[PDB]
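Structure record follows, encoded as structure tokens.
Start at 1 and go down the list; that is how both ligands and their atoms are numbered. Just so we're on the same page: letters track the sequence lines, and every chain starts at 1.
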Amino acid sequence: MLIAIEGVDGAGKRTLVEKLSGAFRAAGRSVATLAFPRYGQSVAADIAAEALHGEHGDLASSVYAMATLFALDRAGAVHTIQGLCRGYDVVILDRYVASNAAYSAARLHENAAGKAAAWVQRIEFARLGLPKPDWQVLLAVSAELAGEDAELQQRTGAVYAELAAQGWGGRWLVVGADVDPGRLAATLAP
Amino acid sequence: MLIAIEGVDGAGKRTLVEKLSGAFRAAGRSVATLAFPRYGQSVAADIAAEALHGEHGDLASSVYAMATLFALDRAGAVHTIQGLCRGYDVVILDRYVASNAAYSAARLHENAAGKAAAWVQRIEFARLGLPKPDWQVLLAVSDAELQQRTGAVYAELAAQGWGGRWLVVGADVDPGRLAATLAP
Ligand SMILES: Cc1cn(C2CCN(Cc3cncc(Oc4cccc(Cl)c4)c3)CC2)c(=O)[nH]c1=O
Ligand SMILES: Cc1cn(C2CCN(Cc3cncc(Oc4cccc(Cl)c4)c3)CC2)c(=O)[nH]c1=O
Ligand SMILES: [Cl-]
Ligand SMILES: [Cl-]
Ligand SMILES: [Cl-]
Ligand SMILES: [Cl-]
């Protein structure tokens, strides 16, 4: 079973990953985790990071260019993902394909039913063959928390919620920070 | 020996690659060739071409974004390239790193000593580890404005010895004499 944890930076994804991993293991499930982007391993991820810090000329200003780098990062990890899924009861990803849809649409001032989101779905799932998550869990935060570029983050949190409402790429759950971890594990892996 | 053939689109590189291969093989050397971008083989290459036909939103409008995709295409081929060099007497590339420098600088209205050219050299040769060609052969021949500036940037690159030794040839170059000149 493949689960993706999603949300804006500072939402608290890492803590939720840990709480859920513990809840799963307490129920007898084995768990492996993997975080995107794979900063430090993926050349495409590290070029993207450098672009975010002002390197590589005009690279970061293209929305689709940055999205492509993150997709190439995941494509490089497809064998790892499949290996974990065969070897473990539950694989939890800290960010997956939906992160690309949310930030790309937000940067373009689009919504979840717009072009950017559909482009991501086509290129990452259909073309690159990345495995679809069984669950996408949105750790949803307020506009005030998201902004703390501030506007870009706020628009990303709104797209995320739209993606969850539309069932983009599969089933979603929407949770808050202080989620009941044993209840969530029972819901995700029934 | 690694040789890269360079020039503006339509210069006739493909014909020159063919003739040069024959001259080498007629001289007793084994030869392999490889063309960049690796359209149809590279995900990064095919996205770049699609972007050139108006696809992938704003991607094609970023000069460095397009350059990065072409660099990532080559990075995907670095071992392929090294394998051919170990396996064959002569490896001829139809376009290589200098193409990225020439089109990128030209699109930025920069020259060969400007930022883009130094950036290509840095990310492709030093960081991604692409092997420096033994020879870069510029086929200099007789939007159009972009193509014109690219051919001049190309000549500047050859004049400065960018990335290694260059030869500048015209349309009627003698392929057998050029092979003899390149030959070790
Ligand atoms: C895994 C993943 C991650 N991301 C984001 C995740 C958040 N970071 C950090 C960030 C967080 N909040 C605002 C930011 O400003 C910019 C500025 C320029 C480009 C982008 Cl994509 C974002 C940047 C950027 C990549 C994607 O866009 N796509 C992905 O697929
Ligand atoms: C192998 C390679 C190739 N090229 C070019 C070669 C020429 N083609 C075709 C072309 C020829 N002449 C003008 C063009 O206009 C554009 C339009 C958009 C982007 C770019 Cl880079 C060029 C396009 C584009 C990629 C690079 O820029 N870098 C490379 O590394
Ligand atoms: Cl977070
Ligand atoms: Cl475990
Ligand atoms: Cl708020
Ligand atoms: Cl040509």
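When the heavy-atom distances from atom 22 (C) of ligand 1 to A:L152, A:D149, A:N100 are ranked, the shortest goes to A:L152.
Contact of the B:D46 side chain with the A:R127 side chain is registered, since non-hydrogen atoms from C-beta on lie closer than 4.5 Å.
At least one heavy atom of A:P37 sits less than 4.0 Å from an atom of ligand 1. Distances from ligand 1 to the non-hydrogen atoms of A:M66 include no value under 4.0 Å.
Ring geometry, B:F125 versus B:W162: the interplanar angle falls from 30° to 60°, so the pair is classed tilted. Aromatic ring orientation, A:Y96 versus A:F36: tilted (interplanar angle from 30° to 60°). A perpendicular orientation is assigned to the rings of A:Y64 and A:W119, their planes being inclined by more than 60° (bins at 30° and 60°).
Between A:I92 atom CD1 and A:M1 atom CE the span is 11.0 Å, to the nearest 0.5 Å.
For A:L52, every heavy-atom contact with ligand 1 shorter than 4.0 Å involves the side chain, none the backbone.
Geometrically, ligand 1 and A:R74 share a nitrogen or oxygen pair separated by less than 3.5 Å.
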